[PDB]
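Comments concern the structure below.
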Amino acid sequence: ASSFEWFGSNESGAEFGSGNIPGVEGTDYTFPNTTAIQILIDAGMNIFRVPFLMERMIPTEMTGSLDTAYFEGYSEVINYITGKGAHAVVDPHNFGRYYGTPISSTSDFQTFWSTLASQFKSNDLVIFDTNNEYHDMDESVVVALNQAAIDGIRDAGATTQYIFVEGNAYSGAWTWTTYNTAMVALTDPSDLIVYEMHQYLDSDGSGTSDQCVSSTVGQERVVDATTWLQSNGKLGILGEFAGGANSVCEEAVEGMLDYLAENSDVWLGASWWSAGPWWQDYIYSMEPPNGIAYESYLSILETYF
Ligand SMILES: *[C@@H]1O[C@H](CO)[C@@H](O[C@@H]2O[C@H](CO)[C@@H](O)[C@H](O)[C@H]2NC(C)=O)[C@H](O)[C@H]1NC(C)=O
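The opening position of the sequence shown corresponds to residue 10 in the entry's author numbering, with each subsequent residue numbered one higher.
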């Protein structure tokens, strides 16, 4: 059948216009298009990661109540995905920050996650992602926040769902052993932790350029993370990756995924960045019918599922 347990795409829109909070749906942000998601499901994709903003989901304080309107729009997309049998990743796309300030309260963060996870606790196709790309924070705080999120999710009775944890330094695969070895200490009573890493192929790994360093830089940038997963008996998932519409990037993406698939005993899969209805001519857009990456990469990616 497939190279991985999971292979799919990010579905972007609800995290857009982050300078406008709460902002206005249809003006500053939008929710993903379930008809466009269905096209990717029909192509074989079975996981979709859906960014949102913490401040739009639970405004004012992390310990507060949900914004009903934003939660209902967001959960309609989540429930469409799981209703079709695919896994849906709930991603607070917040960089370890709440209203621009680094999160430093494990107890506040745990409460945020109990409030949110309580709304999905009976849906075993939901996956929780503690936060997108912690960075420029103390490593012990990042590990503690991941643990606080796990604690809040399980305490809320959401015990059947995988939890994607993310490291410091933008959770990059290529720097994982440099910054994030202390993430090994995370515990989960359900034993469903997956280490979510991101890997881009431009010079700074930021994923802002359609040019890759070389045709082999992808494989080179995931070797150490793979060794770490295998050495420590952990599982991983490449929750973001992309490359530009050129042969060097396509071969780099292929070589990276080939290596992950060769090591599928620890790599559970990968999800492209990104699809969604508001990307226009984005260098990495996986949105049908005409996204640049949909045109250039979809048939390459279908090799793996
Ligand atoms: C959601 O995605 C669907 C599928 O791509 C979009 O539907 C296309 O819409 C155009 C214009 O309305 C039609 O001419 C096509 O026939 C549709 N294609 C398919 C395969 O149904 C739809 O416009 C998107 N909705 C948004 C972006 O709000």
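Backbone N, C-alpha and C define an ideal beta-carbon position, used for all residues, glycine too.
- Judged by beta-carbon spacing, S27 lies within the 9 Å limit of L62, meaning their Cβ atoms are closer than that value.
- Shortest gap from the CB of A45 to any heavy atom of ligand 1: under 8 Å.
- Residue nearest to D274 within the set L266, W122, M295 and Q239 is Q239 (criterion: CA-CA distance).
- The DSSP assignment places 148-164 and 185-188 as complete runs of the alpha helix (DSSP H) inside the segment 143-201, in order along the chain (cut-off: 4 residues).
- Beta-bridge analysis with DSSP links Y107 to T110.
- Selection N42, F118, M146 and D164 evaluated against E85 yields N42 as nearest (Cα-Cα).
- Cβ-Cβ distances below 8 Å link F40 to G22, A23, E34, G82, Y83, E85 and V86 in the same chain, with the five nearest sequence neighbours on each side left out; the list follows chain order.
- Annotation for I48 indicates a beta carbon within 8 Å of some heavy atom of ligand 1.
- Rounded to whole angstroms, the separation of the alpha carbons of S18 and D267 is 18 Å.
- Counted as a single uninterrupted DSSP element, the alpha helix (DSSP H) harbouring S123 occupies residues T115 to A126.
- Distances from the alpha-carbon of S223 to those of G264, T169, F137 and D164 put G264 closest.
- Inside the segment 31-109, DSSP marks whole beta strand (DSSP E) runs of 3 or more residues at positions 56-61 and 96-101, from first to last along the chain.
- Excluding residues up to 5 positions away in sequence, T235 lie with their Cβ nearer than 6 Å to the Cβ of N272 in the same chain.
- Between the segment 166-174 and the segment 208-225, the count of Cβ pairs shorter than 8 Å is below three; the stretches do not touch.
- The straight-line gap separating the alpha-carbon atoms of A191 and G166 is approximately 27 Å.
- At a threshold of 8 Å, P297 counts as near ligand 1, since its beta carbon sits closer than that to one of the ligand's heavy atoms.
- Residue environment: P198 is assigned as exposed (fewer than 16 neighbouring CB atoms within 10 Å of its CB, all protein chains considered).
- Distances taken from the Cβ of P31 to the heavy atoms of ligand 1 include none shorter than 8 Å.
- Around the beta carbon of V226, 16 or more other beta carbons sit within 10 angstroms, so the residue counts as buried.
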